[PDB]
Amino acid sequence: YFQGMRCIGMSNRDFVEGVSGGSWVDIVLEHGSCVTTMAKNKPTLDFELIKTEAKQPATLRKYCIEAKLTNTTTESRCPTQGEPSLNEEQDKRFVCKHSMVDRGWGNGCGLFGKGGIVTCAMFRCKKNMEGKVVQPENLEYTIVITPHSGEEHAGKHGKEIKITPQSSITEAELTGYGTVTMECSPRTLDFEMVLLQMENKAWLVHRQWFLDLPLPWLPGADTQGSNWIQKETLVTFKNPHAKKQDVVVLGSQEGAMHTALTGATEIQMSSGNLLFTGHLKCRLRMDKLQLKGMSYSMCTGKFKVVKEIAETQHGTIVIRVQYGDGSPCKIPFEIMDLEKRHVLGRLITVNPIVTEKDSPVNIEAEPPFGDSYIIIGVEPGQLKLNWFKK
């Protein structure tokens, strides 16, 4: 319900900070994890790599896995008169075979002996699969950059940006804070492999295995879908007869394929695109970021802790509070010792502010170890909340 909560709820969360000013800060992005960055007088940001997909990868080969036969035609000659022929034997949509069959007086020949026979049938593919080649480049990573403000929702999305190992340094705008500049590298994912697609379900398979599959196929850059290569793989020519020969096609191979792929890493996908779990290394600069809300008034009023203070998985706490006497204002937050003499701990939410009257403003802070006073607000009722961090 609040901005920056997603990362707080994650178990895998890194805290990074720049040891310089205007310098680059390195971070490592992984699926299922997030990174929180902080810097003096800069807002705290959350980074997450949510998607890694290949867009329109080169199609290597289309394999037919189910076909039908039509217009089967037979031609044969008597012993002594050479090899017969059919013009459709020149039509790339047909599968044909040449053979020899006994001939004689019983079937129109002068001599008894072997004769040449030929049979062709139009081959029509009804269901095919295609294997694609994914290039490391042209891979597209989606990264969400969310401002760690604590603001609420239940319209405040983090900026989403898509990049490629070939795209240049990105300048992402964060409404209200400026822009953040970052560059990434697909720093170590392999692709002599191939990705097999059997009707919206894909697998990652080794090459030379895909290329060896005994099934009719077509070079990747095709669109006719008619001139199949090695159709005999799905066709069987029965023993011929003097003037006719039967030709039957094997049944679908979708099944033989499925129960043949068991074992190979299955690959998710959607909208025709393949998805992977990528790994990125990036560097970002915050010199163009600034705090949203500087130059306001220091709330002079009251807050009622909306509910039970929460402990995160990262040695930090999330305090919900809602104004009270004042403008949409800055909040006076400060974690001190039991004596209220020195400042201890620090805020992860920075320049925490109230946008509305009765608008739960979540605040994530890091209390020191042991005892400390969480002082929220000012002099009518400065809110002293005791806290013990174990």
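The first residue of the sequence shown is number 1, and the count goes up from there.
Visitor: Pick one of none, 1 to 3, 4 to 9 or 10 or more for the number of deposited-sequence residues not modelled between residue 154 and residue 155.
Guide: Missing residues, residue 154 to residue 155: 4 to 9.
Visitor: From residue 295 to residue 296, how many deposited residues does the entry skip: none, 1 to 3, 4 to 9, or 10 or more?
Guide: None; the chain is continuous from residue 295 to residue 296.
Visitor: Looking at the entry, does 354-362 or 46-54 show the higher mean C-alpha B-factor?
Guide: 354-362 has the higher mean C-alpha B-factor.
Visitor: Mean C-alpha B factor from the entry: is it higher for 208-216 or for 67-75?
Guide: Per the PDB entry, the higher value belongs to 208-216.
Visitor: From 84, 106, 301, 115, pick the one with the largest CA B-factor in the entry?
Guide: Spelled out: the listed residue with the top C-alpha B-factor is 301.
Visitor: Quiz for you: based on the deposited Cα B-factor, which of 120, 133, 101, 145 is highest?
Guide: Among 120, 133, 101, 145, the PDB entry lists the largest C-alpha B-factor for 133.
Visitor: Quick check on the deposited entry: does the C-alpha B-factor of residue 328 sit in the lowest, middle or highest third of its chain?
Guide: Its C-alpha B-factor belongs to the highest third of this chain's values.
Visitor: Sorting the chain's CA B-factors, does residue 263 end up in the lowest, middle or highest third?
Guide: Answer is highest: the recorded C-alpha B-factor places it there.
Visitor: Could you look up the Cα B-factor of residue 379 in the entry and say which third of the chain it sits in: lowest, middle or highest?
Guide: Highest third - that is where residue 379 ends up once the chain's C-alpha B-factors are sorted.
Visitor: Just say lowest, middle or highest third for the CA B-factor of residue 256 relative to the other modelled residues in its chain.
Guide: Its C-alpha B-factor belongs to the middle third of this chain's values.
Visitor: Name the third of the chain's ranked CA B-factors that contains residue 246, choosing lowest, middle or highest.
Guide: Ranked within chain, residue 246 CA B lands in the lowest tercile.
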